[PDB]
There are 4 protein chains.
Amino acid sequence: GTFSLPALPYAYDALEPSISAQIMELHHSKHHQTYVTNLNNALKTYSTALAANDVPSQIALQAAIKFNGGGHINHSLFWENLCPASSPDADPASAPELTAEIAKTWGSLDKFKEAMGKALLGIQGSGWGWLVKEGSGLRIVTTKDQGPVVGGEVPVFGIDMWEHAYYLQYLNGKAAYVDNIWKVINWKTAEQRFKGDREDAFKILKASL
Amino acid sequence: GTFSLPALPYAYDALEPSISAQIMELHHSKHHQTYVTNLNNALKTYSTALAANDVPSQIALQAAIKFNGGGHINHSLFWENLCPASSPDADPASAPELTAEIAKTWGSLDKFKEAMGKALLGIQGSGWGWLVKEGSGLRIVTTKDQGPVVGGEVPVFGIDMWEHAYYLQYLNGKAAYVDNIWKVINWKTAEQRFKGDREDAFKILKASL
Amino acid sequence: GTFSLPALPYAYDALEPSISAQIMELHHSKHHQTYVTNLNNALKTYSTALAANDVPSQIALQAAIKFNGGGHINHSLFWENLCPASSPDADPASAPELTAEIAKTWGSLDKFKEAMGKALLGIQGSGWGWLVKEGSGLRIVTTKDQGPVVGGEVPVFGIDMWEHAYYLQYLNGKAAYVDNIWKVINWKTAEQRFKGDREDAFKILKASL
Amino acid sequence: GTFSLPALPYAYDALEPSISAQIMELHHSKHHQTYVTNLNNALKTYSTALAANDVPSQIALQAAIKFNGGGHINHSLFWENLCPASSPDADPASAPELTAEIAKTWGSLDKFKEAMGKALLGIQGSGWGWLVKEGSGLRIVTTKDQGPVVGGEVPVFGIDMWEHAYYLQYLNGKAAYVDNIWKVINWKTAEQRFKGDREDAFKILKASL
Ligand SMILES: [Fe+3]
Ligand SMILES: [Fe+3]
Ligand SMILES: [Fe+3]
Ligand SMILES: [Fe+3]
C-alpha cells in the first residue's frame, strides 16, 4: 500500500479557461489524494483481514480497493491526457495514427467528438467516458463511478463526468464543460497509448482488483 | 400521466446558511426540472413504441424512465422534508412519535444522526440516504443515483448526496454538508409521513419503474 | 479449491414439461460440473501465479476464478429455487411475505412476472435475471454471463437465460421458456431467502472473486 | 430504405454434416431475422425521439441499434464465409494471397487454425472470433455478444460462438463444433475480402454505432 499522488504535468491554472484553477486544485489535492490515501489504507487493512480469516472485512475491503484503486488509475490517466490549450500536444495533428483510425471508424474527428459528447452527457450519475482500443477496433465506452477500463480495453483517453469535475465553473451545464475540454485534450498522450508506446504503470494494482 | 415541477414551500434563500440560495435555485429550477421534463418526454417516446407493439424498444427505454422518474420522486420528497432553520418545524420536538421510535431503535437522536451520517458519507458516487418506516419500525437505507425507495419502505425523509447538492458551498466537504443539513430538516413533515398522514403521491409511477 | 457439484433436489426429469430431462442432465452434469472443475483448478493455479509473482497470470487466473466461481454460485442457487410443478412449493401461496411485498412494489404478482419476463428477454447475450432484496426494496436486476448477485443485493431467486438453459426444448423461443419456468419456481425457497432463513453457502468463495 | 434479411447463398442443408439443416434454418430465419426486425423498429423509434428532441431516449435507443445492427452485420458476413464442404471454395487453395500471409504470420495454416480455435474457445458467454486484415497484416480478434469489427479492422472471416450456432448438434461440445466448421469455411470469400475486392456494405451503419 505505497501508492502516491502523481505530480501534475502542469500548474493548477495551466488548463484555463477550459478548467479553472480551483477545480484543478480540488480535483488533484483533495479528490485524487483521498483515493490514494484510502487505497493505501484498504490495502494494508486487507492484509490484516486475510491473515485473520476475517471474511466480512475481506469482502468489504476488496470493494474499497476497487473503488479507490479505480479512482487512482482513472485520475492518473486523466491528468496525462490533458494539457494546456496552447501546447502543440493539444493539436490533433499530434496523433496522426489515432486520428486516421478515428476517421475510419466514425467518418471524421468531428463526428467522433459528437458521439463521445453524447455518451458523456448520457451517463446516469457519476462516471467516466473513454475512448478505448480493442483488438476489434476503437470504441467509446462509459464506466460508472470509478470503474476503470480493464481487460482487452486499452484506454486511449478519458473524460471525468463526476460533477466535481466541472460544477464550480459550469454549474449544471455539463454540455459546455465537454465542449471546452476538447481544447485541453493531450492528443500526444492519446497517440502514444494508441500505439502502445507507454508501459502500463498500474499492471500490479489491476491484479488487486 | 404527466408530471410537473412542484413549487418549493419556501424561497430559494430560506435554507441559508445551511444550503445556499444558488444551490437551491439550481437544484430546483435546473436539476429537478430536467428530471421532470425528461420523464415526460421519455414517456411520450415510450408510448409510440407501445402503439407500434415494439417491445424491444420499450425495454431499451425503461432505464431512462426509471432514472428520471426516480429523480422526480426523490427531489419532490426532498423539498418537503426541508424547512427554514428558524421554523418550529425544524425542531425535532415537532415529531414526538417519530423521535420516540428513533430513540428506541438507535438509543438517541444523536446516535441516529451519527448512524445516518456514516451511511450518507459511505455512498460511492451519486446517491441518497433515507430514513424509512418498515411496518412500525425504522431503518436507514441508501439508494444509488436516482433510485427511489419502493414497496413497503415508506420514506420518512431523504438526504441528497449527489455532489450538486452541496459542492458550490461545501466543495468536497460532504461531512460539513451533512453536519449542517440537520438544522433544516423538516421534522413536522417527517412526523406526518411516519404516522401515515401523507399520501404516497407517486404510488402508480413507482410501480411502473 | 475443494468445491463440489451439488446433487439436485430432484430427478433430471422432475421439472418436465417446463424443462426437459435432457436439458437438466446436460445443464447439471456438464455445464455446472465444468464450472466446478475449472474453479478448483484456477484456485490452485492462482497460488502458483501468486508465489511466482507472475502478475500477468494472476490477472488472467482471477478472471477465471470470478467466471467459474460465479457459474458455481449461480447454478447452485438456481437448482434450489426450482421444484416440480406439482409440488406445493411451486404455489406462490408458499411465499406470503414475499408476494405481499411484490404486490406492494409492482401492484400484483402478475405485473411482477410481466416485468421480470421483459427484463429476462432484454438480456443481450448470455446472462441471468434476478429478484433481489435491497434495503431500499425489491428490485429486478440482470447480470451478464456468470456475474453473481453480491453486496447489498440479496438474491431471492434467479432465472438462467443462457441459451443452453432452454435451446434444446424451446429453440429460439426464449419467451416460451420464460412463460413456462414460472410453473417450476420454488416459492418456498424464495420465501426463506426473503426472510433471511437460509445460510449463505458461498461466503468464503465470494471473498475470492 | 430499411434493412433486410439476405438470402443464404445455399440451401439450409448444404453445410451438413458440419452444421445441421435445423441450425441453419433457425439461425437465419429466426435469429438473424429478429436482429433485422428489431434493428428496423429501433431505428423508427429513434427517428421519433429525434423529431421530439428527446435526447435521453436517443441515447438509450442507440444501444439497441448497436446490438441489433451488429447482429445484422455479423450474420451477414457469416453466411458469405461459409460454403458446402464439397465446394472448391472450401479448399484453401482458393485463397493463395491470404494463406501466404497466414503462413508468414503464424508459420502455417494449421498453426493459425490452432490459434483461432484457442481464441474461439476462450470467449466467455456469447461472442465471435474473427480473422481481420490490418494494413497488409493479419490478426485474430474477438468480439463480445454482437459487437462488430470496425474501423481499420477489415473482416476476412468470422466464426459465431453463440450457443445457438452449435448447441442443437454439438450440445456443450463447442470444441467439436470448431473442429468441424473449418470444413465449410469459404476461402474464396476470405480471399476476396483480404484483397479488398468486396466492398463494405455496412459502412454507413457501422459509422452510426
Ligand atoms: Fe474526478
Ligand atoms: Fe439532487
Ligand atoms: Fe446455465
Ligand atoms: Fe448467431
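Cut-off values and rules
Residues numbered from 1 in each chain as written, not as in the entry; some residues may be left out. Chains lettered and ligands numbered in written order. Heavy atoms only, no water. UniProt positions renumbered as here; feature names shortened; annotations may be inferred. Helix = DSSP H or I, 4+ residues; strand = E, 2+ residues; numbered from the N terminus. Buried < 20%, exposed > 50% of the residue type's maximum accessible area, 1.4 Å probe, protein only. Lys, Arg positive; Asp, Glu negative; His and termini not counted. Salt bridge = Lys/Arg side-chain N within 4 Å of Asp/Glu carboxyl O. Contact = heavy atoms within 4.5 Å. Least-squares fit on C-alpha atoms. Donors = N, O, S within 2.8 Å, 3.2 Å for Na, K, Ca; no water. Tetrahedral: all angles 85-135°; square planar, octahedral: opposite > 155°, others 65-115°. Domains from an automatic or database assignment. Buried area = accessible area lost by both parts, 1.4 Å probe. Polar contact = N/O pair within 3.5 Å; in protein donor to acceptor, adjacent residues only side chain to side chain. Expected span 1.5 Å × (residues − 1). Bend = angle between axes of the 7 residues up to and from the residue. Nonpolar A, V, L, I, M, F, W, Y, C, P; charged D, E, K, R; others polar.

For this deposited structure, the header cites X-ray crystallography as the method used and 1.8500 Å as the resolution.

As recorded by the PDB entry, chain A carries the name Superoxide dismutase and is attributed to Hypocrea jecorina. Note on chain A: under the UniProt heading Sequence similarities (unreviewed entry), the record states "Belongs to the iron/manganese superoxide dismutase family."

1. Concerning the side chain of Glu191 of chain A
Residue and element names in this part refer to chain A. With respect to the helices and strands, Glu191 occurs in helix α7 (residues 187–195). The side chain of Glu191 is buried and forms no salt bridge, while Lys195, the nearest opposite charge, is found at 5.5 Å. Once residues lying within four places of it in the same chain are set aside, the contact partners of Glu191 are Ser94, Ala95, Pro96, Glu97 and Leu98.

2. Quick notes on the relation of the copies chain A and chain B
Each copy superposes on the other: chain A lies on chain B with an RMSD of 0.8 Å after a rotation of 179 degrees and an axial shift of 0.4 Å. Such a combination of rotation and displacement between the chain copies is what one expects of a two-fold axis.

3. Some remarks on the coordination of the iron ion (ligand 3)
Residue and element names in this part refer to chain C. Within the first shell, the iron ion (ligand 3) binds the protein through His27 (NE2), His75 (NE2), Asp160 (OD) and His164 (NE2), at distances of 2.0 to 2.2 Å. Around the iron ion (ligand 3) sit four donor atoms, and with donor-metal-donor angles ranging over 86 to 133 degrees the site reads as tetrahedral. One chain supplies every donor to the iron ion (ligand 3), and in sequence these donors are spaced H-x47-H-x84-D-x3-H. Of this pair, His27 sits in helix α1 (residues 21–51) while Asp160 is found in strand β3 (residues 154–160), placing the two residues 133 residues apart along the sequence. Classification of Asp160 as buried rests on a relative accessible area of 0%.

4. Here we look at the coordination of the iron ion (ligand 2)
All names here are of chain B. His27 (NE2), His75 (NE2), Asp160 (OD) and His164 (NE2) make up the full set of protein donors to the iron ion (ligand 2), lying at 1.9 to 2.2 Å. For the iron ion (ligand 2), the four donor atoms in the first shell make angles of 85 to 127 degrees at the metal, a pattern classed as irregular. Binding-site remark: the iron ion (ligand 2) is held by donors from one chain whose sequence spacing is H-x47-H-x84-D-x3-H. Taken as a pair, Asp160 and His164 share a single burial class, namely buried.

5. Some details on the domain arrangement of chain A
All names here are of chain A. The domain boundaries assigned to chain A delineate domain 1 (20–83) and domain 2 (84–209). Averaged C-alpha coordinates put domain 1 and domain 2 at centres separated by 21 Å. Across the domain 1 to domain 2 interface the summed buried area is about 2,500 Å²; carbon plus sulfur atoms make up 68%. Of all residues in domain 1, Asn74, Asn81 and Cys83 bury the most surface against domain 2, accounting for 29% of the area lost on that side. Seen at the junction of domain 1 and domain 2, the total is two salt bridges. The residue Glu80 makes a salt bridge to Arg198 at a minimum N-O spacing of 3.5 Å. One can count 16 residue pairs in polar contact joining domain 1 with domain 2. Secondary-structure elements contributing two or more residues to the side of domain 1 that touches domain 2 are α1 (21–51) and α2 (55–80). Per-element tally for the side of domain 1 that touches domain 2: the top contributor is α2, with 14 residues.

6. Things to note about α1 of chain A
All names here are of chain A. The first and last C-alpha atoms of α1 sit 44 Å apart over 31 residues, in line with the 45 Å expected at 1.5 Å per residue. Where α1 bends most, the angle comes to about 35 degrees, and this point is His27. Where α1 ends, the next residue or the one after it, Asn53, has phi of about 50 degrees, a positive value.

7. Side note on the interface of chain B and chain D
With 10 residues of chain B in contact, the opposing surface of chain D contributes 12 residues. At the junction of chain B and chain D, the tally comes to zero salt bridges. At the junction of chain B and chain D, the tally comes to two residue pairs in polar contact. Looking at the side of chain B that touches chain D, the elements with two or more residues in it are α1 (21–51) and α2 (55–80) of chain B. Its residues placed into classes, the side of chain B that touches chain D shows four nonpolar, five polar and one charged.

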